[PDB]
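These values consider heavy atoms only, across backbone and side chains, with no hydrogens, waters or symmetry-generated copies. Letters go in sequence order (proteins before strands), and every chain restarts at 1.
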Amino acid sequence: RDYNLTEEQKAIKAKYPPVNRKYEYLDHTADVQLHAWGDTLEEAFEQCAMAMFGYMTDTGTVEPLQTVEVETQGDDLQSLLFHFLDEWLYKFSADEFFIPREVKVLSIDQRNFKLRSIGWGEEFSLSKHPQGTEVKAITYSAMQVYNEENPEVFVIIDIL
Amino acid sequence: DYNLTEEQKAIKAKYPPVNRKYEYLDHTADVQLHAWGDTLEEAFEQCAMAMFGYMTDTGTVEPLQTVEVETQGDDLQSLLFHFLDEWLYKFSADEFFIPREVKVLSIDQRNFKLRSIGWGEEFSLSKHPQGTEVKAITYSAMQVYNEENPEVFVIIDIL
């Protein structure tokens with residue numbers, strides 16, 4: 001690590017004997033837990049995607065200029081949530097660096113674990129959109145999906 | 001939340017607002033310290049120094065006073081754990097002491113106890129650059145290698 005120093009701080013370093021250093025820092029990792037909810041399971045999932053993007057920027061500044069569709073499937077609801085968010089992340093990450101202003105989950109097939117969703121927004125841009133934090137990956141850790149009245153989900157994402 | 005420009009605030013008020021039903025909880029972070037030395041004592045002191053080095057530039061810490069940390073454990077791993085933990089406590093509790101340097105006087109490898117000292121001063125953002133706060137020591141993937149080239153790996157929780 002190197003820090004930005006004031007001259008006074010520099011003066012202090014110069015004034016005392018140097019410290020021999022034999023260490024290094026490895027594998028810095030960071031995450032945050034998203035907690036989303038709604039009146040339906042669909043809404044809980046869509047709100048979780050919007051939480052993820054809401055970490056990257058103020059999605060209120062994102063103009064609803066294009067629409068992108070994300071459909072996916074899973075072996076159970078956790079798996080489905082995982083793949084849903086992953087596919088949305090990938091849309092942002094690769095190809096068009098698309099950021100939705102909003103996401104709407106049109107359906108979740110609760111018997112076969114399929115989902116259809118759509119989001120509207122535009123290509124992300126440092127001049128247009130405020131800088132939040134980049135999201136690196138979705139994880140299964142402490143993933144919970146509560147499919148009950150006023151459904152909720154808890155997901156942990158790896159951030160930079 | 002975000003600090004917006006005038007253009008960005010227009011865009012925001014131009015469109016229907018988004019109804020949000022989510023919150024962010026439990027942000028966590030960690031980093032793995034890797035330190036080494038001529039001796040196990042050096043490797044241990046270096047590990048403590050690495051921890052403090054993540055909080056600030058320790059070259060900017062003046063050596064105005066000296067503090068002792070003696071501890072004990074049930075093995076080398078718990079010894080290292082307690083050592084870093086007591087040093088973190090010194091910083092985090094009572095006077096906010098940060099050492100510029102730490103020296104491990106001895107490690108008893110038979111009975112797992114050690115004596116160490118550090119020299120420095122009270123930490124202030126008036127004087128010292130801002131690094132990252134250290135929250136706790138963990139045992140995750142803790143490694144102590146004690147052959148030629150003693151070295152240790154310790155994960156700490158941060159921010």
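B:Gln130 touches chain A through its backbone: at least one of N, CA, C or O sits under 4.5 Å from a heavy atom, while the side chain does not. For B:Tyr15, the parts lying near chain A are the backbone and the side chain together; criterion is any non-hydrogen pair under 4.5 Å. Using a 4.5 Å cut-off between heavy atoms, A:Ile159 touches chain B through its side chain atoms alone. With a threshold of 4.5 angstrom between heavy atoms, A:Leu5 approaches chain B through side-chain atoms but not through N, CA, C or O. Of the atoms belonging to A:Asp39, heavy atoms from both backbone and side chain fall under 4.5 Å from chain B. Proximity to chain A (any heavy atom under 4.5 Å) is shown, for B:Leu159, by neither the backbone nor the side chain. In this structure, the portion of B:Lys14 lying under 4.5 Å from any heavy atom of chain A is its side chain and not its backbone. The contact between A:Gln9 and chain B is made by backbone and side chain atoms together, counting heavy-atom distances below 4.5 Å. Contact annotation for A:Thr57: only backbone heavy atoms (N, CA, C, O) come within less than 4.5 Å of a heavy atom of chain B. Of the two parts of B:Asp1, neither the backbone nor the side chain holds a non-hydrogen atom closer than 4.5 Å to a non-hydrogen atom of chain A.
Contact of the B:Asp74 side chain with the B:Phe112 side chain is not registered, since no non-hydrogen atoms from C-beta on lie closer than 4.5 Å. For the pair B:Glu45/B:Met49, a side-chain contact is recorded, criterion being any heavy-atom separation below 4.5 Å from C-beta on.
In terms of heavy-atom pairs under 4.5 Å with chain B, the best-connected choice from A:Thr61, A:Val32, A:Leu26 is A:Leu26. For the set A:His129, A:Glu8, A:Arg101, the entry with the most heavy-atom pairs within less than 4.5 Å of chain B is A:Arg101. In terms of heavy-atom pairs under 4.5 Å with chain B, the best-connected choice from A:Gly60, A:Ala30, A:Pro64 is A:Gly60. In terms of heavy-atom pairs under 4.5 Å with chain A, the best-connected choice from B:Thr5, B:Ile11, B:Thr58 is B:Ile11. By number of non-hydrogen pairs under 4.5 angstrom with chain B, the leading residue of A:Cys48, A:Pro130, A:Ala36 is A:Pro130. With chain B as the partner, the residue from A:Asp31, A:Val19, A:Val153, A:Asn4 showing the most heavy-atom pairs under 4.5 Å is A:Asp31.
Note on B:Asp108 versus B:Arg115: no salt bridge recorded, every NZ/NE/NH1/NH2 to OD/OE distance being 4.0 Å or above. Using a 4.0 Å cut-off between a side-chain N of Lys or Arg and a carboxylate O of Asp or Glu, A:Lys10 and A:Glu7 qualify as a salt bridge.
In this structure, OG1 in B:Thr28 is found 8.5 Å from CG in A:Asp158, a value given to the nearest 0.5 Å. Note that the CG atom of A:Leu81 and the OH atom of A:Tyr140 stand 9.0 Å from one another [nearest 0.5 Å].
Ring geometry for A:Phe92 against A:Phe124 counts as tilted: the plane angle lies between 30° and 60°, on a 0 to 90° scale. Relative ring orientation between A:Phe154 and A:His35 is described as parallel, the plane-to-plane angle staying below 30° on a 0-90° scale split at 30° and 60°.
Side chain of B:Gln46 to main chain of A:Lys22: a donor-acceptor pair is present (N/O by atom type, distance under 3.5 Å, no hydrogens or angles). Counting only distance, with no hydrogens or angles, the side chain of A:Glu122 and the backbone of A:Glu63 share a donor-acceptor pair below 3.5 Å.
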